[PDB]
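Enquirer: Can you look at this? It's an experimental structure, sequence on top.
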Amino acid sequence: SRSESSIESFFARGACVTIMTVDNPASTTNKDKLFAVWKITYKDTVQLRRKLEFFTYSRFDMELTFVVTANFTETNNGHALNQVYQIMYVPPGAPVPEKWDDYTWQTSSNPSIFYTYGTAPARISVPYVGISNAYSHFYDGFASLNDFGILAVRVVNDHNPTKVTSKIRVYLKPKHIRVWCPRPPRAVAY
Amino acid sequence: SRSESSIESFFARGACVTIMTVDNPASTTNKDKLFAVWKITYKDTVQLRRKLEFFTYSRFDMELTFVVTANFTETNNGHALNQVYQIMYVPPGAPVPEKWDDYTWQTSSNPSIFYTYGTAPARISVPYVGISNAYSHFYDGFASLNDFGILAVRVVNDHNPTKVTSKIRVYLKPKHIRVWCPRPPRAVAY
Amino acid sequence: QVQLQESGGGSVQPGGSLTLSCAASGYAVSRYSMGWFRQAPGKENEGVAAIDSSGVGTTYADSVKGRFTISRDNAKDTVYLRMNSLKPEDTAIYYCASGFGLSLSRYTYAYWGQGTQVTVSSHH
Amino acid sequence: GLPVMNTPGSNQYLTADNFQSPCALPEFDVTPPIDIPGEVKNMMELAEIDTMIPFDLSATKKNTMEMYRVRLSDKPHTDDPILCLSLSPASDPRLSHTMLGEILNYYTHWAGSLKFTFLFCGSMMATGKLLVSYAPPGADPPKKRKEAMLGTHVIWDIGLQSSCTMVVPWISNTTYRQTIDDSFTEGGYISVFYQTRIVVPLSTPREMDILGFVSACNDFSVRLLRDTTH
Amino acid sequence: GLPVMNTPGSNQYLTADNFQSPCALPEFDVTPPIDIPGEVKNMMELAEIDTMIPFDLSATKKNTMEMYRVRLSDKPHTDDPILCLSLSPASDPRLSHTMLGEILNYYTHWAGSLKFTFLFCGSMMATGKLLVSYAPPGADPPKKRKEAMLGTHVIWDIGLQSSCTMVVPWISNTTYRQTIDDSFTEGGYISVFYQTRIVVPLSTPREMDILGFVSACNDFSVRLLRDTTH
Amino acid sequence: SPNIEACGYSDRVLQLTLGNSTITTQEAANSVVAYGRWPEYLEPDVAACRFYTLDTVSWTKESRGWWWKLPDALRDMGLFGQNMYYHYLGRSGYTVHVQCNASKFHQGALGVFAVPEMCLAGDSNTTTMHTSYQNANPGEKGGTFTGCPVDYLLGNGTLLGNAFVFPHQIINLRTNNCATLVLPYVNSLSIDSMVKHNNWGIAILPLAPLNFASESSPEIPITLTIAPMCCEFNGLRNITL
Amino acid sequence: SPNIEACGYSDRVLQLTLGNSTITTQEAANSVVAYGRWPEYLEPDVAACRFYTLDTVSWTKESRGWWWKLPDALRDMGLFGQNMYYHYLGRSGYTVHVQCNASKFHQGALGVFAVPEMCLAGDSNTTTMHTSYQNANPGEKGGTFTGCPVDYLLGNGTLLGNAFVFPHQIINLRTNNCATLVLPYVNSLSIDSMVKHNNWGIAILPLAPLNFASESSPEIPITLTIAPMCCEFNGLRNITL
């Protein structure tokens, strides 16, 4: 008896990987400027990272889920309608979005997900997008790692007098995962 | 004829086991500090407890359901968006959460449930998590009982000018339940 | 897990004495025992005194036998090292550690300490 | 449409679910796998791999090379053990740092036998006799050879075979032994003793070491995936 | 997707539902059961177990040892019963505290026969004759032996057999007899009478007791799960 | 519950001889299996599976009762006490035999209750165990109820009258002089620590008071003999000495 | 992990002759296949698949260890170095053979670890590679650990004690004088650039210190012979010159 200790069952957990921060100002709040860009990496959090580091290589179907929370910032009695968000997965190495305005945001080829607030958190499947036969946890030769694309998020609704702050939580569940050579674990801090 | 008197059908009821109290202040309300921790025990209420006490031992698939109610406290015309809650079942004997901030709240291994307010109350199944062949209602030798883990709940949305009080009601339906040796019932108060 | 602090360390005199002590954490000293090792500067760890908690029976090294004493109080969570008739060689980096028991053996001790230095022959 | 009815649970995201979801990139030509040697099927497989124990975590010796070195010194025939170790794989600072223990830091329970292997690293020409001993859960740490001699033990002759394997049987109360930090969990006792006292040929350095390896067995299992990271 | 239509009931949590829900811990190695003696399949099984009746709940005797003691004293041949009990298992303070009655405090109805067993606890060498009697629902409590003698009854000889079982047949109107607190539910009448007057050998203490046991039968059932707790 | 009527006096004497030990039972018939399960297996075997007699206690008009713990009682009994103490594990069944003799001139009734996990008086449900390892474990001399176990509450917060839910026999002076209880191993685990946890609880309380005619024996004696059945212990540990 | 006990001294000498090359192995037996996989195919063949001896290094009481890279080490070795350098591609297995001779009078233990993708010391996970192409590639002379690879951290941020997870053998002076490691090609791709990426990492560290009696050899020597196995390169490119 050992099923709940198998590779699939060791990683069959959803773990927080990042918390993107966007907003809907009625003015010049260009830091978020409604958008935030995040380079998709496991390396930002530590729990998921170490779990994946007991090995050197791995193939993994990656299933993301997006929980979006909102709130008013200024102590105002101001209102707002239920907002829509756009979450884009930009496939590995493609034009990186800056401004919330620019062409890139029309993504003929890249996927996109519109999420209406108040419903069940968003969810997408990305197959093994490795450029190699396996993803290289640690890499040797002559960081960038392997790359898993980038996530861009903006408020689509237009500038509302009442400024609204939002936070998109990303969760990564690696599914149908296999691994290769095993190295001793990272004892210390990263 | 006696079906509605069988063990399964004697316990096939959902009974209140506790009422966790959380809140969303915009300031220092550290008593709830958005979170409440509750040690999962049947022993807090009395109806479910006595029903389970007519026996000494029992195996039971435990099905919880969470009803969340909210309300504004200060007589203000202040608003708030629909809120999200996080309900975590921390598997028997694991790090206990204090602050609503700390690492523990990233639970690589422990489960977690995000509940959007306004929808159908939350629901999870926990299998017989006994460390022994049976749970010991009364225990002899040399309380802690058996242990069923702990429940932590916080408001995930961030600090809203208008303070919101919430109450998470927990309901325990023991399913596919079996029992062992029978003791006379507890006549008096507990 | 358990981090016991070496107390009582100071620079005394030849023919003198000095009391040492280590307070428990992680557990109640009473289960594991406690002992002392004086790793003389530039030489290996050197065993001196050991005592069992829940079964008091002391063991000393022959180089310090008779003169040196060790005692315990499981209620105050501290271990008491009584070093008597101290000499110029007795100038080492002292250490307290918890093992099983009560057996001066380079190790067979888990959690150690920081290292308290007792410079016996402080005066020339 | 078909009469439907939303029940409790709807709209909730269960981190531990197992539901299907829409594929963000339809018909992507996935690069097929290649049989790279060393696939891993389960975590308990990594524990069955022999790993070196850092027996001597003394103040100066812990966190360096010599933490893995057990030096047969030159002291009295005083039965005082020549290494004692509590088989509390988790609730004992030494065993916790082996691959075995590392896996044993992600679960609440473990069951099965373990095996302690020792490799003698001393000058061929030397001899003597040692005794590695076990002592089931609960018993006081056997402080005299005479005691250790009573429990399960093997007489390991240095002269003959450099290595010695002593399996720790699974002697325990409950079905699943607690892998957590308990007050005084039991918990075997692997410890070597000077059966004799080291014989030395002509002029060998007279001080040599022995290394220790630990590993689980095919009958070793784990449940209730717990965690921590900081 | 498939055309669907949310009907009435959606989003409501019915405490008494029977729906499936997502398993919070996937693939947990559940510890299997062991056949520990005394499994219970149904609650009505506990009632079939003979249990001691506290016949004498007098001011000083209720809530202590002697509440279970029926003392054959030494009074007139006045037929005045030597214990009367209303078979209103719930609506009578005595019967309500037996395992039987305790189960009968969680339902609205009951049907079937009950059996009153009495164990004589008097000095072997003594004799005499007693008569335990029943009186179907409605009738006035039979106050004279002559009356009690008319209803279903057994002559229990002390001398011969120490124990006596008198089954209360299921004589009632409705299919399910009301287990609630009704005005004057009926309701049998189990009561022993001095058929004769106790014969005593040489110099016995002359005062002995009898104990009483009650239990349901295989034909005993319950419905509409009611409750209370405070 | 135990509504039986063997014969009354004495018929035939059939002696149980299990190894070195020898009881001469009143008869032998009228034995109650607890929950209908005989003890069974999941090393002194036939040598260690022999009835050991505990100390005899005095039953008088004022007796409140008595209680014992298993394994605990038999912790000092030769081969069984040893294998119990030199092992981390141990499970075992028991043949409890309580003999209570008198005449055709005494009267009363003793209830011999066998209670699994019989925790005793410490209404502190927010914490059972309570009473120090030494108090809760009185070994062979046994513990006594009082009018600290309260008799009518069977010393556990539950009215005596219902004690008949646990397996039991009633020694009724006019009928039987013996009670026989075959009790299998009852616990939450396959096998557990015998030293720490008590499997059963032998309880004997005056269900009827004792009464003797004119002047005879001012009190009568009761005896408990207990026999281990299917006893295994893991694993040959220390042999200290 | 390598708990073996061949014989102890010397039995029979069986020499491996692969082409022009000729080793006279201690015996030949006691060889470890990495992960249980022999090297295989996905053009100087038998001419280029011959063991080339690297430089001999001196093991002394103060040695911290040594390390090498494959293919890198054998980049100067005739036919293999050439086909390696005149091709954009190349994959290949290796038979690593480390010989460590002494007497019945020396003592210690060397651990020969074969680590795939053995990146060395530059805790900068936010960027591996780090050390210039020339530093990381020391070719045939090899690199050394220090008390820049840290010995107990196997120079990669992981405690030595666990290095036994990678395939390895332990040359223990009292038992064997040789270690043999058949290492198949391990990489994220079918075939890749040999010049840019290093497949394996041969590591040799003092697991036990060296000790010689009275006065003998002040130090002893160790030797590494490496043999390419199933080597293919694509595609007949430039022949510059």
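Expert: Good, I have the coordinates. Numbers count the residues shown, from 1 in each chain, chains lettered A, B, ... in the order given.
Enquirer: Now do the helices in the chain.
Expert: Reading this off chain A. A:7-11, A:47-53 (DSSP state H).
Enquirer: looking at chain F here, not the other one
Expert: Counting by DSSP H, the helices of chain F are F:78-85, F:133-136.
Enquirer: right, so those helices: which one is the most enclosed?
Expert: helix F:78-85 (a mean of 19; mean count of other Cβ atoms under 10 Å in any protein chain shown). (Each C-beta comes from the backbone N, C-alpha and C, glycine too.)
Enquirer: that older thread, could you export the helices of chain F as TSV, including distance to residue G:217?
Expert: Compiled in TSV, those are given as follows (distance: least, Cβ to Cβ, whole Å):
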stretch	distance to residue G:217
helix F:78-85	59
helix F:133-136	65
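Enquirer: now the helices for chain D?
Expert: D:44-47, D:99-103, D:145-150.
Enquirer: Any part of the last one near chain C?
Expert: The one in question is helix D:145-150. No - judged by Cβ under 8 Å from any Cβ of the partner chain, helix D:145-150 makes no contact with chain C; its nearest approach is 11.8 Å.
Enquirer: and that helix, what does it pack onto?
Expert: strand D:129-133, strand D:188-193 (3 or more Cβ pairs under 8 Å, 6 or more residues apart in numbering or on different chains; DSSP states H and E).
Enquirer: follow-up on the earlier one: of all the helices of chain F, which lies closest to residue A:73?
Expert: helix F:133-136 (61.4 Å; Cβ to Cβ).
Enquirer: Return the residues in contact with residue A:140.
Expert: G:117-119, G:128-129, G:197-198 (Cβ atoms under 8 Å, 6 or more residues apart in numbering or on different chains).
Enquirer: please redo it, this time with the cut-off set to 10 Å
Expert: With contacts taken as Cβ atoms under 10 Å, 6 or more residues apart in numbering or on different chains, residue A:140 has the following neighbours: A:56, G:69, G:115-120, G:128-129, G:136, G:156, G:187, G:197-201.
Enquirer: The helices of chain A into TSV, with extra columns for mean neighbour count and distance to residue G:224?
Expert: Shown next, in TSV, are the helices of chain A (neighbours: other Cβ atoms under 10 Å in any protein chain shown; distance: least, Cβ to Cβ, whole Å):
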stretch	mean neighbour count	distance to residue G:224
helix A:7-11	19	35
helix A:47-53	20	30
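Enquirer: For chain E, find the nearest of those helices.
Expert: Closest of these to chain E is helix A:7-11, at 5.1 Å (criterion: Cβ to the nearest Cβ).
Enquirer: Neighbours of residue A:76, how many?
Expert: 13 (other Cβ atoms under 10 Å in any protein chain shown).
Enquirer: Apart from its neighbours in sequence, what residue is nearest residue D:120?
Expert: residue D:162 (4.5 Å; Cβ to Cβ, 6 or more residues apart in numbering or on different chains).
Enquirer: Please look at the one you found and residue G:7 and confirm they touch.
Expert: No - counting by Cβ atoms under 10 Å, residue D:162 stays clear of residue G:7, with 11.7 Å between them.
Enquirer: List the residues that contact the closest residue to chain C within chain A.
Expert: Closest contact between chain A and chain C, by Cβ to the nearest Cβ, is at residue A:187 (16.3 Å). Contacts were defined as Cβ under 10 Å, 6+ apart; by that measure residue A:187 touches D:63, D:97, D:102, G:153, G:157-159, G:162.
Enquirer: would you turn those into JSON lines with neighbour count and distance to chain B?
Expert: As requested, the contacts of residue A:187 are exported to JSON lines (neighbours: other Cβ atoms under 10 Å in any protein chain shown; distance: Cβ to the nearest Cβ, whole Å):
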{"residue": "D:63", "neighbour count": "14", "distance to chain B": "24"}
{"residue": "D:97", "neighbour count": "21", "distance to chain B": "20"}
{"residue": "D:102", "neighbour count": "19", "distance to chain B": "15"}
{"residue": "G:153", "neighbour count": "18", "distance to chain B": "25"}
{"residue": "G:157", "neighbour count": "20", "distance to chain B": "21"}
{"residue": "G:158", "neighbour count": "18", "distance to chain B": "20"}
{"residue": "G:159", "neighbour count": "20", "distance to chain B": "22"}
{"residue": "G:162", "neighbour count": "21", "distance to chain B": "21"}
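Enquirer: Give me the spatial nearest neighbour of residue D:123, chain neighbours excluded.
Expert: In space, residue D:123 is closest to residue G:107, 3.8 Å off (Cβ to Cβ, 6+ apart).
Enquirer: For chain F, which segments count as strands?
Expert: F:15-16, F:23-24, F:32-33, F:52-53, F:57-59, F:66-70, F:91-100, F:106-116, F:168-172, F:178-183, F:200-212, F:220-232 (DSSP state E).
Enquirer: Which one, of those strands, ends up nearest to residue C:63?
Expert: Counting by Cβ to Cβ, and looking across all of the strands of chain F, nearest comes strand F:220-232 at 50.5 Å.
Enquirer: quick check, the closest one touching chain B?
Expert: No - Strand F:220-232 is not in contact with chain B by Cβ under 10 Å from any Cβ of the partner chain; minimum separation 17.2 Å.
Enquirer: Parallel or antiparallel, which strands does that strand pair with?
Expert: strand F:52-53 (antiparallel), strand F:57-59 (antiparallel), strand F:91-100 (antiparallel) (DSSP bridges).
Enquirer: what residues are up against the one residue in chain C that gets nearest to chain F?
Expert: Chain C approaches chain F most closely through residue C:55 (12.5 Å), counting by Cβ to the nearest Cβ. With contact set as Cβ under 10 Å, 6+ apart, residue C:55 has these partners: C:33, C:101-102, D:140, D:143.
Enquirer: possible to save those as TSV with neighbour count and distance to chain G?
Expert: Listed next are the contacts of residue C:55 as TSV, based on neighbours: other Cβ under 10 Å; distance: Cβ to the nearest Cβ, whole Å:
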residue	neighbour count	distance to chain G
C:33	25	27
C:101	26	27
C:102	24	28
D:140	16	30
D:143	23	28
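Enquirer: Now do the end-to-end distance for stretch D:40-58.
Expert: Separation of the first and last residues of stretch D:40-58 by Cα to Cα, to the nearest Å is 35 Å.
Enquirer: Give the buried residues for it.
Expert: D:40, D:42-47, D:49-58 (16 or more other Cβ atoms under 10 Å in any protein chain shown).
Enquirer: what residue is smack in the middle of chain F?
Expert: Note on chain F: the residue nearest the mean C-alpha position is residue F:202, at 3.8 Å, using Cα atoms, centre = their mean.
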